[PDB]
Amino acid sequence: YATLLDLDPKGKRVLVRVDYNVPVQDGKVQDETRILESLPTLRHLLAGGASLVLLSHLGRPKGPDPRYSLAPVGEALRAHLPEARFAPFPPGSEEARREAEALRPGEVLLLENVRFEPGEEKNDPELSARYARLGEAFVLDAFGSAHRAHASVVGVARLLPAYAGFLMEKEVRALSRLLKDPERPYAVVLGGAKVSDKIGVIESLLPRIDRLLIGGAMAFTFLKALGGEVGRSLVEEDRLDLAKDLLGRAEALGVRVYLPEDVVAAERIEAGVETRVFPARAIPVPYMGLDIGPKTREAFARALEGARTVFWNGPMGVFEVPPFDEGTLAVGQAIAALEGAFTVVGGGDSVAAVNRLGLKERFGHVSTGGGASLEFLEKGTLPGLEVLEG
């Protein structure tokens, strides 16, 4: 696992895979956070005497799509690094190769959305070789993209001396603590819509944890599995069986599991909609549970008391829909208030809650990997990390 301290950037053209998948609206970035998070890595390279070619994804565009151009990100980056420019050329094009070859030491070139290239998500060898012509060394600093063997993440890494950036290094060390005898009690807080997407990581963590708090829509599959009546709440009939087995092994492994006991419900998911609070195992048909209730927020905070290690990923309810973001905000303050503990928060809505509460500084580590982080904890590595050697 080579880091930036193993690379001498003097006189070299360095290709760097960054994570610039930021929100954009009307040709303007709405949140520069991801861009700011990459500067430590970029400035270190520039300081050492390098020129840089940057590659990033943006949204899930269906082939070339002006809607997802990185031009707005280029302007944002330019406010921070005076010599950074954006060129509307696809990463593997001849125009892009020539633009990078013209680069002078100190310049920073951001190329077009890598997802515009048809061979990107398929790790196409030809495409990878094309990216290799962009620089003499490769630096992967987009942890949120390291769980997939894509052309700009794994492919190009195999053709050029590859190293991990500061962001990558930080994410890996924070997550490693969670897999290396962390301080007890160790509590995990998981949230999300479907359970099927958390089974792998839940299984992996069970034998290492002491407490499991489950919120969000995924919790109703569990409640239903215990014989509850969840009304029109979202449930995966296809997982009711495994969900019940998971609660069993949990108990057998000596892990305390906490589930919602009350919920805030409505007949439709809409901002400002009228709500009613019901017991979590007695939601009247018409209604859908869309967030954890007041008693549940209370019990969850009580369950976290005394924990010395906490990992939280996922919303407690439909976060982006105004009334239903309260449970997630309550859990964030509960974890932020903890003392003497190593707390880690990841996933879009959970991180968003922390930011809105102005509680970032209160957390041990704010994950930038999202699902990547969950897979690392699940498998112990990622394909984007295995290629970071010489």
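Numbers follow the displayed sequence, beginning with 1.
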Legend entry - 191-199 or 149-157, whichever carries the higher mean Cα B-factor: 191-199
Legend entry - Of 181-189 and 266-274, the one with larger mean CA B-factor: 181-189
Inset, instruction - Please work out which residue in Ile35, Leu338, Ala353, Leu54 has the highest C-alpha B-factor recorded for this crystal structure. - result: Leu338
Inset, instruction - Tell me which of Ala299, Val318, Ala129, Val172 tops the list for C-alpha B factor in the record. - result: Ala129
Legend entry - Within-chain third of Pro125 by Cα B-factor, per the entry: highest
Inset, instruction - Using the B-factors in the PDB entry, rank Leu58's C-alpha atom against the chain and give the third, lowest, middle or highest. - result: middle
Legend entry - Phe363 - which third its CA temperature factor falls in, relative to the rest of the chain: middle
Legend entry - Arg17 - which third its CA temperature factor falls in, relative to the rest of the chain: lowest
Inset, instruction - Place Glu112 in the lowest, middle or highest third of its chain's C-alpha B-factors, as listed in the PDB entry. - result: lowest
